[PDB]
Amino acid sequence: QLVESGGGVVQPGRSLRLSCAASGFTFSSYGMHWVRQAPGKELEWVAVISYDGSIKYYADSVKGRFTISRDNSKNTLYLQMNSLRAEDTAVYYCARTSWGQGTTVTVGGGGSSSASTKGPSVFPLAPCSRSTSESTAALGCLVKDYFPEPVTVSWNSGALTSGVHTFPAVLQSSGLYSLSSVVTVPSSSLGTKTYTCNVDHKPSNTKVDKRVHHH
Amino acid sequence: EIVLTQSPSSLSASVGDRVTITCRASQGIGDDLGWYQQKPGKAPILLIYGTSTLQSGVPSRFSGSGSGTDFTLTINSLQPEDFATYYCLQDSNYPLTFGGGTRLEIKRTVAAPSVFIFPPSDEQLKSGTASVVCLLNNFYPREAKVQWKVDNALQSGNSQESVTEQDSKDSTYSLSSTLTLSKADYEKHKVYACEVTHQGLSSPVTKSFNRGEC
């Protein structure tokens with residue numbers, strides 16, 4: 001059993017130390033690896049340490065900034081990350097040469113300098129007019145400008161789940177996240193039935209209900 | 001460093017098919033290549049190591065072959081749980097390097113998207129930004145083309161796309177394209193249009209709206 005810990009939101013140029021607690025085997029006789037995975041990207045090997053800690057290797061993208069270490073009497077692997085860049089944002093796993101479930105590291109003070117956590121603005125997605133001929137219409141909520149991940153979206157307090165699509169968030173140029181949640185409903189129901197999206201962003205303790213109409 | 005070229009980056013298949021995934025090393029690595037499998041939100045799992053040696057607990061329908069430069073992962077009689085992303089890893093030297101990855105998804109009948117267009121809300125406009133949203137609903141295959149036109153001027157570099165995971169019940173995808181403008185830039189133009197090209201459409205489909213008519 002390998003459990004990673006220490007991940008969190010960090011500002012660029014600052015540091016952060018990740019830990020990897022090992023259990024269920026002889027940690028002292030096996031080499032250890034740090035691997036990372038950026039969002040939407042493949043796996044990237046970060047570092048390796050030998051069983052006795054004598055041999056260490058790094059990836060050149062992190063050389064001089066990251067430092068791998070270990071304690072064989074506490075059975076713990078450590079990764080000290082200095083001068084973090086935005087490209088270091090990734091899920092970090094430790095692996096015995098069995099993987100842990102990883103810990104997420106997000107570099108980017110986006111949101112602002114003195115309130116990195118920022119709640120989202122929720123805007124209705126509604127058609128200009130009720131389309132004739134077309135029997136199905138679509139509605140939604142745009143969840144924009146929040147940090148960090150994640151947000152959850154329900155519809156009608158969970159009573160509406162069929163046909164709901166909540167898209168994965170995208171990272172905007174500002175460094176804030178944005179997504180949309182949509183639902184397909186009958187055109188005869190448009191303008192008469194109520195359709196409310198419920199957005200929850202626990203990092204900022206934000207709970208916003210938004211009714212979707214054309215105005 | 002040794003580069004592993006993985007092919008293909010995406011692969012469609014049916015349950016019961018035999019699947020082939022390849023990795024080419026930029027230099028000789030002997031037998032020091034393995035295959036991992038990964039599902040969304042979970043840690044990767046080592047399927048094969050030493051080119052051909054299978055890991056314990058992995059079904060015998062997974063097999064591995066290779067010389068010293070070209071390597072192949074083969075999945076016989078594809079099962080529903082085998083749909084995931086697969087990575088090849090070399091460890092003959094340092095740094096350890098992975099392949100680009102192969103997203104293995106389930107094949108289904110061609111299904112055209114349902115296209116909808118959404119204008120920006122006035123409440124967002126009052127903040128200085130306008131997001132125009134084009135939605136492609138429940139389509140297959142995943143490949144599609146979405147073009148924005150503002151007074152028939154094709155837009156480039158001002159839109160972001162987002163795709164859902166393959167739906168667990170009907171095996172389709174959905175896509176959103178968000179066009180971002182300033183409020184001033186938005187109000188200086190009239191007609192906002194989204195054209196969608198997809199295999200399931202006999203011709204590209206346009207959804208548009210008119211400012212001042214909305």
# chains A, B, ... in the order shown; residues from 1 in each chain; ligands from 1

$ interface_residues --of "chain B" --to "chain A" --cutoff "7 Å" --atoms "only C-alpha atoms" --output "PyMOL selection string"
chain B and resi 42-43+95-98+100-101+116-118+121+124+162-164+214

$ write_last_selection --atoms "N, CA and C atoms" --output "compact mmCIF listing (two decimals), in the first residue's frame"
# COMPACT_ATOMS: atom_id res chain seq x y z
N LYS B 42 -8.21 7.08 -12.17
CA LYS B 42 -7.57 6.01 -11.42
C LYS B 42 -6.10 5.91 -11.79
N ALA B 43 -5.34 5.24 -10.92
CA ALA B 43 -3.92 5.07 -11.15
C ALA B 43 -3.67 4.01 -12.22
N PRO B 95 16.23 8.88 -18.74
CA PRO B 95 14.96 8.84 -18.01
C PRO B 95 13.97 7.80 -18.54
N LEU B 96 13.17 7.23 -17.64
CA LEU B 96 12.04 6.41 -18.06
C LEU B 96 11.10 7.25 -18.91
N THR B 97 10.58 6.65 -19.98
CA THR B 97 9.72 7.38 -20.91
C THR B 97 8.53 6.53 -21.29
N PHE B 98 7.38 7.18 -21.43
CA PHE B 98 6.13 6.55 -21.82
C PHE B 98 5.79 6.90 -23.27
N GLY B 100 2.82 7.96 -26.22
CA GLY B 100 1.77 8.97 -26.25
C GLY B 100 0.45 8.48 -25.68
N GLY B 101 0.21 7.18 -25.73
CA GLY B 101 -1.01 6.62 -25.20
C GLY B 101 -2.00 6.24 -26.29
N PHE B 116 -27.11 22.87 -31.18
CA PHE B 116 -27.83 23.98 -30.57
C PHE B 116 -26.87 25.15 -30.38
N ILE B 117 -27.41 26.37 -30.47
CA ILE B 117 -26.61 27.58 -30.28
C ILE B 117 -27.23 28.40 -29.16
N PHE B 118 -26.37 28.98 -28.31
CA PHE B 118 -26.77 29.74 -27.14
C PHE B 118 -26.08 31.10 -27.18
N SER B 121 -25.77 35.65 -22.05
CA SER B 121 -26.76 36.28 -21.20
C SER B 121 -26.40 37.74 -20.96
N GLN B 124 -23.98 38.34 -18.00
CA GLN B 124 -22.56 38.24 -18.30
C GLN B 124 -22.09 39.45 -19.10
N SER B 162 -14.66 21.32 -25.58
CA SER B 162 -14.70 20.38 -24.47
C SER B 162 -15.54 19.18 -24.87
N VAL B 163 -15.01 17.98 -24.63
CA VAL B 163 -15.65 16.74 -25.02
C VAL B 163 -15.88 15.88 -23.78
N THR B 164 -17.07 15.30 -23.68
CA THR B 164 -17.36 14.39 -22.59
C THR B 164 -16.72 13.03 -22.83
N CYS B 214 -33.15 38.65 -30.63
CA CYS B 214 -32.94 37.62 -29.62
C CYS B 214 -33.03 38.20 -28.21

$ select_by_dssp --residues "stretch 11-212 of chain B" --states "helix (DSSP H, G or I)" --output "PDB file with N, CA and C atoms, in the first residue's frame"
ATOM      1  N   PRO B  80     -15.662  -5.828 -22.183  1.00  0.00           N
ATOM      2  CA  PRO B  80     -16.109  -4.459 -21.861  1.00  0.00           C
ATOM      3  C   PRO B  80     -15.183  -3.713 -20.914  1.00  0.00           C
ATOM      4  N   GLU B  81     -14.523  -4.413 -19.991  1.00  0.00           N
ATOM      5  CA  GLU B  81     -13.623  -3.761 -19.049  1.00  0.00           C
ATOM      6  C   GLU B  81     -12.290  -3.368 -19.672  1.00  0.00           C
ATOM      7  N   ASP B  82     -11.992  -3.838 -20.884  1.00  0.00           N
ATOM      8  CA  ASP B  82     -10.716  -3.542 -21.523  1.00  0.00           C
ATOM      9  C   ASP B  82     -10.682  -2.171 -22.184  1.00  0.00           C
ATOM     10  N   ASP B 122     -27.429  38.566 -20.748  1.00  0.00           N
ATOM     11  CA  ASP B 122     -27.188  39.981 -20.485  1.00  0.00           C
ATOM     12  C   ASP B 122     -26.439  40.190 -19.175  1.00  0.00           C
ATOM     13  N   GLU B 123     -26.601  39.275 -18.215  1.00  0.00           N
ATOM     14  CA  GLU B 123     -25.906  39.414 -16.940  1.00  0.00           C
ATOM     15  C   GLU B 123     -24.402  39.231 -17.105  1.00  0.00           C
ATOM     16  N   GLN B 124     -23.981  38.337 -18.005  1.00  0.00           N
ATOM     17  CA  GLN B 124     -22.557  38.240 -18.304  1.00  0.00           C
ATOM     18  C   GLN B 124     -22.086  39.447 -19.103  1.00  0.00           C
ATOM     19  N   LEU B 125     -22.912  39.914 -20.045  1.00  0.00           N
ATOM     20  CA  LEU B 125     -22.556  41.088 -20.835  1.00  0.00           C
ATOM     21  C   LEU B 125     -22.286  42.294 -19.945  1.00  0.00           C
ATOM     22  N   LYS B 183     -17.443  42.455 -24.669  1.00  0.00           N
ATOM     23  CA  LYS B 183     -18.795  42.966 -24.878  1.00  0.00           C
ATOM     24  C   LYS B 183     -18.840  43.929 -26.060  1.00  0.00           C
ATOM     25  N   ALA B 184     -17.831  44.796 -26.177  1.00  0.00           N
ATOM     26  CA  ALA B 184     -17.782  45.741 -27.288  1.00  0.00           C
ATOM     27  C   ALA B 184     -17.635  45.016 -28.620  1.00  0.00           C
ATOM     28  N   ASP B 185     -16.730  44.036 -28.684  1.00  0.00           N
ATOM     29  CA  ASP B 185     -16.571  43.256 -29.907  1.00  0.00           C
ATOM     30  C   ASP B 185     -17.842  42.488 -30.234  1.00  0.00           C
ATOM     31  N   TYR B 186     -18.542  42.005 -29.207  1.00  0.00           N
ATOM     32  CA  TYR B 186     -19.774  41.262 -29.438  1.00  0.00           C
ATOM     33  C   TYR B 186     -20.863  42.163 -30.007  1.00  0.00           C
ATOM     34  N   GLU B 187     -21.012  43.368 -29.457  1.00  0.00           N
ATOM     35  CA  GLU B 187     -22.085  44.262 -29.874  1.00  0.00           C
ATOM     36  C   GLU B 187     -21.799  44.979 -31.186  1.00  0.00           C
TER      37      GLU B 187
END

$ closest_residue --among "A:89, A:76, A:82, A:104" --to "residue A:15" --atoms "only C-alpha atoms"
A:82

$ residues_around --residues "residue A:70" --least-positions-apart "6" --cutoff "10 Å" --atoms "only C-alpha atoms" --output "PDB file with N, CA, C and O atoms, in the first residue's frame"
ATOM      1  N   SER A  19       4.737  13.540   0.166  1.00  0.00           N
ATOM      2  CA  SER A  19       5.118  12.364   0.928  1.00  0.00           C
ATOM      3  C   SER A  19       4.413  11.140   0.370  1.00  0.00           C
ATOM      4  O   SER A  19       3.332  11.237  -0.219  1.00  0.00           O
ATOM      5  N   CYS A  20       5.038   9.984   0.565  1.00  0.00           N
ATOM      6  CA  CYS A  20       4.516   8.720   0.058  1.00  0.00           C
ATOM      7  C   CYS A  20       4.759   7.682   1.145  1.00  0.00           C
ATOM      8  O   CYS A  20       5.894   7.230   1.343  1.00  0.00           O
ATOM      9  N   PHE A  27      10.040  -1.845   2.588  1.00  0.00           N
ATOM     10  CA  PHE A  27      10.357  -0.622   1.860  1.00  0.00           C
ATOM     11  C   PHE A  27      11.857  -0.418   1.690  1.00  0.00           C
ATOM     12  O   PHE A  27      12.278   0.275   0.757  1.00  0.00           O
ATOM     13  N   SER A  28      12.674  -1.020   2.556  1.00  0.00           N
ATOM     14  CA  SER A  28      14.108  -0.762   2.553  1.00  0.00           C
ATOM     15  C   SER A  28      14.851  -1.463   1.423  1.00  0.00           C
ATOM     16  O   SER A  28      15.997  -1.100   1.141  1.00  0.00           O
ATOM     17  N   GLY A  31      13.751   0.055  -4.826  1.00  0.00           N
ATOM     18  CA  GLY A  31      13.822   1.412  -5.319  1.00  0.00           C
ATOM     19  C   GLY A  31      12.444   2.028  -5.460  1.00  0.00           C
ATOM     20  O   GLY A  31      11.428   1.338  -5.562  1.00  0.00           O
ATOM     21  N   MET A  32      12.405   3.358  -5.460  1.00  0.00           N
ATOM     22  CA  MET A  32      11.145   4.084  -5.519  1.00  0.00           C
ATOM     23  C   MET A  32      11.178   5.102  -6.648  1.00  0.00           C
ATOM     24  O   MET A  32      12.233   5.640  -6.994  1.00  0.00           O
ATOM     25  N   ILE A  49      14.855   6.856  -6.812  1.00  0.00           N
ATOM     26  CA  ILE A  49      15.815   6.722  -5.725  1.00  0.00           C
ATOM     27  C   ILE A  49      16.054   5.236  -5.487  1.00  0.00           C
ATOM     28  O   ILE A  49      15.128   4.422  -5.590  1.00  0.00           O
ATOM     29  N   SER A  50      17.301   4.878  -5.185  1.00  0.00           N
ATOM     30  CA  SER A  50      17.650   3.484  -4.960  1.00  0.00           C
ATOM     31  C   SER A  50      17.167   3.038  -3.580  1.00  0.00           C
ATOM     32  O   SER A  50      16.615   3.818  -2.800  1.00  0.00           O
ATOM     33  N   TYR A  51      17.377   1.754  -3.281  1.00  0.00           N
ATOM     34  CA  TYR A  51      16.857   1.191  -2.039  1.00  0.00           C
ATOM     35  C   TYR A  51      17.521   1.817  -0.819  1.00  0.00           C
ATOM     36  O   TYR A  51      16.858   2.072   0.192  1.00  0.00           O
ATOM     37  N   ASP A  52      18.825   2.075  -0.893  1.00  0.00           N
ATOM     38  CA  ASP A  52      19.567   2.663   0.213  1.00  0.00           C
ATOM     39  C   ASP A  52      19.697   4.176   0.093  1.00  0.00           C
ATOM     40  O   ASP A  52      20.388   4.794   0.908  1.00  0.00           O
ATOM     41  N   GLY A  53      19.053   4.782  -0.903  1.00  0.00           N
ATOM     42  CA  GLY A  53      19.114   6.216  -1.094  1.00  0.00           C
ATOM     43  C   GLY A  53      20.405   6.737  -1.679  1.00  0.00           C
ATOM     44  O   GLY A  53      20.591   7.958  -1.737  1.00  0.00           O
ATOM     45  N   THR A  76       9.088   5.904   4.212  1.00  0.00           N
ATOM     46  CA  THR A  76       8.445   7.044   3.569  1.00  0.00           C
ATOM     47  C   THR A  76       9.333   7.620   2.478  1.00  0.00           C
ATOM     48  O   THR A  76      10.528   7.840   2.689  1.00  0.00           O
ATOM     49  N   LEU A  77       8.733   7.869   1.318  1.00  0.00           N
ATOM     50  CA  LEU A  77       9.382   8.538   0.199  1.00  0.00           C
ATOM     51  C   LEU A  77       8.982  10.009   0.194  1.00  0.00           C
ATOM     52  O   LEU A  77       7.859  10.351   0.566  1.00  0.00           O
ATOM     53  N   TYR A  78       9.898  10.880  -0.222  1.00  0.00           N
ATOM     54  CA  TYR A  78       9.658  12.316  -0.202  1.00  0.00           C
ATOM     55  C   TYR A  78      10.098  12.939  -1.516  1.00  0.00           C
ATOM     56  O   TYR A  78      11.113  12.539  -2.097  1.00  0.00           O
ATOM     57  N   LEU A  79       9.337  13.938  -1.964  1.00  0.00           N
ATOM     58  CA  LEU A  79       9.674  14.723  -3.148  1.00  0.00           C
ATOM     59  C   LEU A  79       9.555  16.200  -2.798  1.00  0.00           C
ATOM     60  O   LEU A  79       8.446  16.708  -2.611  1.00  0.00           O
TER      61      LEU A  79
END

$ atom_distance --atom1 "atom CA of residue B:171" --atom2 "atom CA of residue B:108"
6.8 Å

$ select_by_dssp --residues "stretch 27-215 of chain A" --states "strand (DSSP E)" --output "ChimeraX atom specification"
/A:32-37,43-49,56-58,66-71,76-81,90-96,103-107,121-125,136-146,152-155,164-166,170-171,177-186,196-201,206-211

$ residues_around --residues "residue B:55" --least-positions-apart "3" --cutoff "12 Å" --atoms "only C-alpha atoms" --output "list in words"
residues 98 of chain A; 34, 35, 36, 37, 45, 46, 47, 48, 49, 50, 51, 52, 58, 59, 60, 62, 63 and 64 of chain B

$ residues_around --residues "residue B:150" --least-positions-apart "5" --cutoff "8 Å" --atoms "only C-alpha atoms" --output "list in words"
residues 155, 189, 190, 191, 192 and 193 of chain B

$ closest_residue --among "B:129, B:177, B:208, B:72" --to "residue B:151" --atoms "only C-alpha atoms"
B:208

$ residues_around --residues "residue A:83" --least-positions-apart "2" --cutoff "8 Å" --atoms "only C-alpha atoms" --output "ChimeraX atom specification"
/A:12-15,65,81,85

$ write_last_selection --atoms "N, CA, C and O atoms" --output "mmCIF file, in the first residue's frame"
data_model
loop_
_atom_site.group_PDB
_atom_site.id
_atom_site.type_symbol
_atom_site.label_atom_id
_atom_site.label_comp_id
_atom_site.auth_asym_id
_atom_site.auth_seq_id
_atom_site.Cartn_x
_atom_site.Cartn_y
_atom_site.Cartn_z
ATOM 1 N N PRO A 12 3.202 30.085 -8.152
ATOM 2 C CA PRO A 12 4.422 29.851 -8.934
ATOM 3 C C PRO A 12 5.658 30.360 -8.208
ATOM 4 O O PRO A 12 5.612 31.340 -7.461
ATOM 5 N N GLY A 13 6.776 29.671 -8.432
ATOM 6 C CA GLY A 13 8.030 30.018 -7.801
ATOM 7 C C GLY A 13 8.185 29.554 -6.370
ATOM 8 O O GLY A 13 9.297 29.633 -5.830
ATOM 9 N N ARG A 14 7.119 29.074 -5.734
ATOM 10 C CA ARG A 14 7.190 28.592 -4.365
ATOM 11 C C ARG A 14 7.466 27.088 -4.364
ATOM 12 O O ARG A 14 7.689 26.474 -5.411
ATOM 13 N N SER A 15 7.451 26.475 -3.183
ATOM 14 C CA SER A 15 7.870 25.092 -3.014
ATOM 15 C C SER A 15 6.763 24.285 -2.348
ATOM 16 O O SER A 15 5.785 24.833 -1.829
ATOM 17 N N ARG A 65 15.540 21.505 -9.478
ATOM 18 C CA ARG A 65 14.385 22.019 -8.752
ATOM 19 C C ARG A 65 13.749 20.994 -7.829
ATOM 20 O O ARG A 65 13.311 21.348 -6.734
ATOM 21 N N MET A 81 9.739 19.859 -4.053
ATOM 22 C CA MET A 81 9.594 20.555 -5.324
ATOM 23 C C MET A 81 9.805 22.046 -5.089
ATOM 24 O O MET A 81 8.998 22.694 -4.412
ATOM 25 N N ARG A 85 6.742 25.637 -11.545
ATOM 26 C CA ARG A 85 6.172 26.292 -12.712
ATOM 27 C C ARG A 85 4.764 25.766 -12.967
ATOM 28 O O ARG A 85 4.327 24.770 -12.383
#

$ residues_around --residues "residue B:105" --least-positions-apart "6" --cutoff "9 Å" --atoms "only C-alpha atoms" --output "VMD selection string"
chain B and resid 10 to 14 83 to 85 166 171

$ atom_distance --atom1 "atom CA of residue B:74" --atom2 "atom CA of residue B:93"
24.8 Å

$ decode --residues "stretch 155-166 of chain B" --atoms "N, CA, C and O atoms" --output "PDB file, in the first residue's frame"
ATOM      1  N   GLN B 155     -13.907  32.739 -37.397  1.00  0.00           N
ATOM      2  CA  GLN B 155     -13.148  33.037 -36.195  1.00  0.00           C
ATOM      3  C   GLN B 155     -12.086  31.970 -35.944  1.00  0.00           C
ATOM      4  O   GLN B 155     -12.276  30.788 -36.250  1.00  0.00           O
ATOM      5  N   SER B 156     -10.961  32.404 -35.377  1.00  0.00           N
ATOM      6  CA  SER B 156      -9.826  31.525 -35.124  1.00  0.00           C
ATOM      7  C   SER B 156      -9.079  32.013 -33.891  1.00  0.00           C
ATOM      8  O   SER B 156      -8.777  33.204 -33.778  1.00  0.00           O
ATOM      9  N   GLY B 157      -8.790  31.096 -32.968  1.00  0.00           N
ATOM     10  CA  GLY B 157      -8.044  31.421 -31.771  1.00  0.00           C
ATOM     11  C   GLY B 157      -8.849  32.002 -30.630  1.00  0.00           C
ATOM     12  O   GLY B 157      -8.257  32.367 -29.607  1.00  0.00           O
ATOM     13  N   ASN B 158     -10.174  32.096 -30.756  1.00  0.00           N
ATOM     14  CA  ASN B 158     -11.015  32.691 -29.722  1.00  0.00           C
ATOM     15  C   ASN B 158     -12.117  31.738 -29.268  1.00  0.00           C
ATOM     16  O   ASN B 158     -13.183  32.176 -28.827  1.00  0.00           O
ATOM     17  N   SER B 159     -11.875  30.433 -29.364  1.00  0.00           N
ATOM     18  CA  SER B 159     -12.861  29.438 -28.973  1.00  0.00           C
ATOM     19  C   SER B 159     -12.162  28.236 -28.356  1.00  0.00           C
ATOM     20  O   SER B 159     -11.044  27.881 -28.737  1.00  0.00           O
ATOM     21  N   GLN B 160     -12.840  27.612 -27.399  1.00  0.00           N
ATOM     22  CA  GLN B 160     -12.334  26.428 -26.718  1.00  0.00           C
ATOM     23  C   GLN B 160     -13.345  25.294 -26.824  1.00  0.00           C
ATOM     24  O   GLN B 160     -14.556  25.520 -26.751  1.00  0.00           O
ATOM     25  N   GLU B 161     -12.843  24.073 -26.988  1.00  0.00           N
ATOM     26  CA  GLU B 161     -13.683  22.895 -27.130  1.00  0.00           C
ATOM     27  C   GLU B 161     -13.558  21.994 -25.908  1.00  0.00           C
ATOM     28  O   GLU B 161     -12.502  21.916 -25.276  1.00  0.00           O
ATOM     29  N   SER B 162     -14.658  21.319 -25.582  1.00  0.00           N
ATOM     30  CA  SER B 162     -14.702  20.384 -24.466  1.00  0.00           C
ATOM     31  C   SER B 162     -15.537  19.176 -24.865  1.00  0.00           C
ATOM     32  O   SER B 162     -16.646  19.331 -25.382  1.00  0.00           O
ATOM     33  N   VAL B 163     -15.006  17.981 -24.626  1.00  0.00           N
ATOM     34  CA  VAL B 163     -15.654  16.737 -25.023  1.00  0.00           C
ATOM     35  C   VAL B 163     -15.878  15.881 -23.785  1.00  0.00           C
ATOM     36  O   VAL B 163     -14.987  15.753 -22.937  1.00  0.00           O
ATOM     37  N   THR B 164     -17.067  15.297 -23.682  1.00  0.00           N
ATOM     38  CA  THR B 164     -17.363  14.390 -22.587  1.00  0.00           C
ATOM     39  C   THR B 164     -16.722  13.029 -22.834  1.00  0.00           C
ATOM     40  O   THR B 164     -16.315  12.694 -23.950  1.00  0.00           O
ATOM     41  N   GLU B 165     -16.632  12.239 -21.768  1.00  0.00           N
ATOM     42  CA  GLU B 165     -16.270  10.841 -21.925  1.00  0.00           C
ATOM     43  C   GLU B 165     -17.352  10.119 -22.720  1.00  0.00           C
ATOM     44  O   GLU B 165     -18.499  10.570 -22.807  1.00  0.00           O
ATOM     45  N   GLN B 166     -16.977   8.995 -23.322  1.00  0.00           N
ATOM     46  CA  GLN B 166     -17.958   8.192 -24.039  1.00  0.00           C
ATOM     47  C   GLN B 166     -19.063   7.763 -23.085  1.00  0.00           C
ATOM     48  O   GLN B 166     -18.794   7.239 -21.999  1.00  0.00           O
TER      49      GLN B 166
END
